[PDB]
Amino acid sequence: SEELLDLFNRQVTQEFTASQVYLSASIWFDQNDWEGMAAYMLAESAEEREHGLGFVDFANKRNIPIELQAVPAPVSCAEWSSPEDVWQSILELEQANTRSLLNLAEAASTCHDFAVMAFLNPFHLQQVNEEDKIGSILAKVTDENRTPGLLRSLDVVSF
Amino acid sequence: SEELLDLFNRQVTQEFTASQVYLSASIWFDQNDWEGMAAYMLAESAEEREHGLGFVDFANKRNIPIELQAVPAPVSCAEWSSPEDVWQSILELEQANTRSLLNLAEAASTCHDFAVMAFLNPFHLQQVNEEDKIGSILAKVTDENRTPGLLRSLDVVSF
Amino acid sequence: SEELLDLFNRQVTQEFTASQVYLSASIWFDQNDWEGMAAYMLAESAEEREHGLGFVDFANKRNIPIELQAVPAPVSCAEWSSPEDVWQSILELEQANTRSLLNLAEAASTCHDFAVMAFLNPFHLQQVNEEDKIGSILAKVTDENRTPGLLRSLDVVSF
Amino acid sequence: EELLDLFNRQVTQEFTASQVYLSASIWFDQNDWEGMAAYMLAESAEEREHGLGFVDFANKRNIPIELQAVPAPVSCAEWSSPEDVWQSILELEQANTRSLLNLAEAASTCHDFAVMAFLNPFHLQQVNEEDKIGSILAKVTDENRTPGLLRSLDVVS
Amino acid sequence: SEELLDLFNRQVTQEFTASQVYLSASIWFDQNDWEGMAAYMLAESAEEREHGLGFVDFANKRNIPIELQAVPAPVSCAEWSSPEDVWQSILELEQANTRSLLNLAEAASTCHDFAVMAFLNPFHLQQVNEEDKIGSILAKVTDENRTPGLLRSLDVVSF
Ligand SMILES: [Fe+3]
Ligand SMILES: [Fe+3]
Ligand SMILES: [Fe+3]
Ligand SMILES: [Fe+3]
Ligand SMILES: [Fe+3]
Ligand SMILES: [Fe+3]
Ligand SMILES: [Fe+3]
Ligand SMILES: [Fe+3]
Ligand SMILES: [Fe+3]
Ligand SMILES: [Fe+3]
Ligand SMILES: [Fe+3]
Ligand SMILES: [Fe+3]
Ligand SMILES: [Fe+3]
Ligand SMILES: [Fe+3]
Ligand SMILES: [Fe+3]
Ligand SMILES: [Fe+3]
Ligand SMILES: [Fe+3]
Ligand SMILES: [Fe+3]
Ligand SMILES: [Fe+3]
């Protein structure tokens, strides 16, 4: 019971942690003049914030008390020295959002909490699409960057 | 007091000097068949002329006498043998426009000339955006030109 | 700063003093059948009251207490005998308004009151425009009035 | 090529004229002739467009252009009334016309039919311009015979 | 006199010869799967036909008898083994159209035939723009083809 409350609460922190990692990725791309990839990251930073606010709003409706935790400093921007490194961290970040949601669904399932299971369904399916989209961008970036300059030519055109 | 008059007057010459450097860059790019970069430079040549005319118009309103100086021949087109060289001179040129405006703001500040400080504010912020935009283009051009031909393929698509 | 609060209060008084002086000019012009110059003066009497109202609204928001002072009786109308005299008094009035504003900005700058200085900026620039416009009308009035009846032909035309 | 040199000098002459027009705009604004000031500011932008048109044709025709300094205007020092300013501007347009005719004579000697064709609309624009300027100068010279009267007509044009 | 008739007549053959060379270039590009460059050539083939018909129409109006000559087989498509070779032949072809028009203008000039000189003026200026545009495309193609594959990537995007 309490475990469900705790995992709901942790989900909000995970989505806001992901919002800040995406903002860090936007900064790294703008600082290195990848304005197209920076705008994509900034849009995802706002979207993850929206995911967190949806969990807050449902929790309030369901009388699940939310206590906002610290949103950790992103520190993957330590590692990053090329756009591949940034997109690989973003892929790992979406995988962690997916695992957080599955853990939460498992707790709900154990509790027979059908309303929380229902609420999570569109997020499970969102995550499938997000991991697919980021996986695909990572593949494109890794392939284009085999030729000097070429990756730039595709921040400019796409994004 | 007089120093403020002189620096106002010099600002007009700096913006018209920059207008002519951008026209020289347009010529170098058209002569070398970079029609996209040439059209960007020609647009900036007109914009710097507009900055100079705004300083003339304010000076007339504020009874700061303007005496138009010679606009020097651009001679950076000596150096240029690749688009990187052109964009690097343009970056240096915007940095000199920014320094000219800051010197002018310092004189105004010393004189407690609040109207001239206010007038300069949108130009300080314009310059921040211009140095950022030219820095970013220079980075893109330097990276694309690591592969023969590739830079061309992006005059054509962007610009 | 007592100085800064008093000068803010004084600025409201100066804008309302100027409103009344413009209304006095409108009466002189209407009495002497210069209906075009009267309507100009009436529009400016309303604009200077809007300036004073702008200062009262910002003072209220910034917790600057406003004590409304008397708006003195205009005295120049006792001595005006031609349009040139009236326009010369309005130029002087505008020069006063600008001095009052620069005094207030000097007090704000000493107090490092960044918000008050930022509020004043559009008024600094408006005064450059108003002094230029009045000085140019005064110049046209003074030249046209060298031929009998010619200035009348220009209240009728412009205004 | 004296042809090449004259084509470069034409760019410099148009930008020289742009600056002389801007200097006339400033003398008029300083002296509260805002109407005549706006006419000269428009001409200053038009002359810069004539120079840009020359640069563009030279780039297409592979005529190398090397931008020269644009000399500071000096006729403002002597102006004391609008008639002086307008008289300098008529002299400036006569100089622009002469520069175009010198370029056209070299193109004709060279049998450069493309450059002669390119110049034709500029020869006709100069006729129109010298006419308009000579007409305004005549109107200003006549109106300024009565004190104040010229002013009364800046404000109405 | 007769020389003017002959050179008018030869101009029609030159424009129709150029129409067929452009059609040959379209075929070579379609056969080698350069559909963007093929469509440009086909458009120029129709345009040169239009230039020839304009000369026919003026000649009819001016009572210059036209006798249509054989339009020669294009045989530059012998040489061609890369798009650079095609564009270089097209540049040479526009240079020959320009020379044909200048020869014709010289004959008209000698004859003091002011109507034929006037008629040719827009064609002299068309040619300046055409040689500039083809020169520029040739430069782009020669530079892009320094990297395998890259030129293709710009038939697809431009054209
Ligand atoms: Fe997302
Ligand atoms: Fe997304
Ligand atoms: Fe999320
Ligand atoms: Fe996500
Ligand atoms: Fe700019
Ligand atoms: Fe720009
Ligand atoms: Fe500038
Ligand atoms: Fe700039
Ligand atoms: Fe006002
Ligand atoms: Fe006003
Ligand atoms: Fe006021
Ligand atoms: Fe006022
Ligand atoms: Fe003109
Ligand atoms: Fe001109
Ligand atoms: Fe002109
Ligand atoms: Fe064509
Ligand atoms: Fe074409
Ligand atoms: Fe043709
Ligand atoms: Fe052609």
Side-chain angles (χ1 to χ4, degrees), chain D residues 1-15 46-67 96-97 99-129, chain E residues 3-4 7-8 10-11 14-15 18 44 47 51 54-55 58 87-88 90-140 142-143:
Chain D
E1 278 306 275
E2 85 151 4
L3 196 283
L4 155 69
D5 171 55
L6 287 177
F7 210 100
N8 274 282
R9 292 215 270 184
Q10 193 61 36
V11 174
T12 303
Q13 176 63 31
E14 301 293 351
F15 290 165
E46 175 169 336
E47 296 286 3
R48 175 163 179 284
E49 297 294 328
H50 297 166
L52 292 179
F54 278 79
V55 172
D56 184 45
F57 181 83
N59 287 351
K60 292 189 300 190
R61 239 293 294 281
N62 303 114
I63 289 167
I65 286 304
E66 276 198 14
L67 294 183
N96 283 353
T97 294
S99 69
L100 283 165
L101 287 169
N102 297 336
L103 176 59
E105 296 278 15
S108 175
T109 295
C110 286
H111 299 232
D112 191 327
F113 291 107
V115 166
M116 283 185 286
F118 175 71
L119 304 174
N120 279 160
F122 296 90
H123 296 312
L124 294 179
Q125 176 180 39
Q126 286 310 102
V127 168
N128 286 348
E129 288 196 3
Chain E
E3 192 191 49
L4 194 55
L7 285 186
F8 223 96
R10 286 185 190 285
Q11 193 64 30
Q14 179 60 37
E15 299 300 342
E44 283 290 337
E47 182 179 285
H51 297 169
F55 274 83
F58 185 85
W87 291 100
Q88 174 66 38
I90 293 314
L91 177 63
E92 290 166 6
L93 170 74
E94 292 289 2
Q95 291 167 342
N97 285 349
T98 298
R99 290 194 301 277
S100 182
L101 287 162
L102 289 170
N103 286 340
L104 174 55
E106 293 279 15
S109 176
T110 291
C111 295
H112 297 215
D113 194 320
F114 299 96
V116 167
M117 289 187 284
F119 176 70
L120 300 178
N121 290 159
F123 293 96
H124 291 134
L125 293 181
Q126 179 155 49
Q127 291 301 112
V128 167
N129 291 343
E130 287 191 359
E131 294 190 18
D132 170 69
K133 181 163 192 176
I134 301 302
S136 171
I137 289 175
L138 175 64
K140 296 180 173 34
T142 292
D143 196 23

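Below, chains carry the letters A, B, ... as their sequence lines are ordered, and counting in each starts from 1.
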Applying a strict 4.5 Å limit to non-hydrogen atoms, the region of E:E106 in contact with chain D is both
Within a 6.0 Å radius of atom CD on D:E66, are there more than 12 heavy atoms belonging to other residues, nucleotides or ligands?
no
Could you tell me which portion of D:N59 (side chain, backbone, both or neither) has an atom closer than 4.5 angstrom to a non-hydrogen atom of chain E?
backbone
Measure the spacing between CE of D:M116 and NE2 of E:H124 and express it to the nearest 0.5 Å.
8.5 Å
So NZ of D:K60 and NZ of E:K133: to nearest 0.5 Å the spacing works out to 12.0 Å
Nearest heavy-atom contact between E:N121 and D:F113 is ND2-O, 4.4 Å
Can you tell me which portion of E:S109 sits under 4.5 Å from chain D's heavy atoms? Options are side chain, backbone, both or neither.
side chain
Heavy-atom pairs under 4.5 Å with chain D, option from E:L120, E:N129, E:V128, E:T98 with the top count:
E:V128
With a 4.5 angstrom heavy-atom cut-off, could you sort out which part of E:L125 is near chain D: side chain, backbone, both or neither?
side chain
